[PDB]
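Before any questions on how it binds or moves, here is one chain, the form deposited in one PDB entry, in structure tokens.
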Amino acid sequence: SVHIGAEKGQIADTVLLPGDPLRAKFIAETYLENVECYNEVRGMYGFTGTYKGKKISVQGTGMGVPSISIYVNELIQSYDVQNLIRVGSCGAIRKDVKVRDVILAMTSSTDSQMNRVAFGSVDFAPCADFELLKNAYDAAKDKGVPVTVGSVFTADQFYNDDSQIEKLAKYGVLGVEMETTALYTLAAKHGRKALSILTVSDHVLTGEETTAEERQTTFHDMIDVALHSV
């Protein structure tokens, strides 16, 4: 495939998808054994390692719907990947989402036009694979890792001068990020399993940041949920 330079059989059945290729590197190194680098095209790193005797791959996706779609389409069409777990951050848009909460997205709203192009008059609602969702949940509960399940918003512009997040928060939407709708749509289109697991990097509505130490801890919990759930 064009944006991925792996050989046949270099990419595992299960894949973690951070947005940042440097986090992909960071995860692969810290949690995986016997790591090889299978992709360097565009500096968008993909690694394959073992975690307790199972092969996992970790591939940066880039930022935004178009960018993740490319990687996901190529991981599905060219490398036959089965499970795709986005591991990422989001901006919380409601006061009741807390900085240590790991978020499991059941679904995502979006102002991306991707699905409108596909389905004209239908509001298409992307859906997580329940089996993946359930296993992530059960592994968080098993540990006492605090988890919230609900919906996110896949924004097409990071900076927004029309930003309608205020209305979305009234309807229960937990947070805003940029990839989830693409993952869930293309996964389901191809009969594959996807889930997004997200931590809070900020509170969008007040402007409040979360401290570097809090982020490090939730990032650990997130990768641990994704790995244990596999």
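Take the two forms, find the largest set of C-alpha atoms that superpose within 1.5 Å, and that set is the rigid core. Residue numbers here begin at 1 and follow the sequence given.
Heads up, the form deposited in another entry isn't pictured, but that's what we're talking about next.
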Discussion item. Rigid core superposed, CA of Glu214 - does it shift 2 Å or more between the shown form and the other one?
Written reply: yes
Worksheet item: Quick one: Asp96 and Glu214 C-alpha atoms, closer or farther in the other form compared with this form (3 angstroms or more)?
Response: farther
Fill in: Pairwise C-alpha change, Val225 versus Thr218, in the other form against this form - closer or farther, 3 angstroms or more
farther
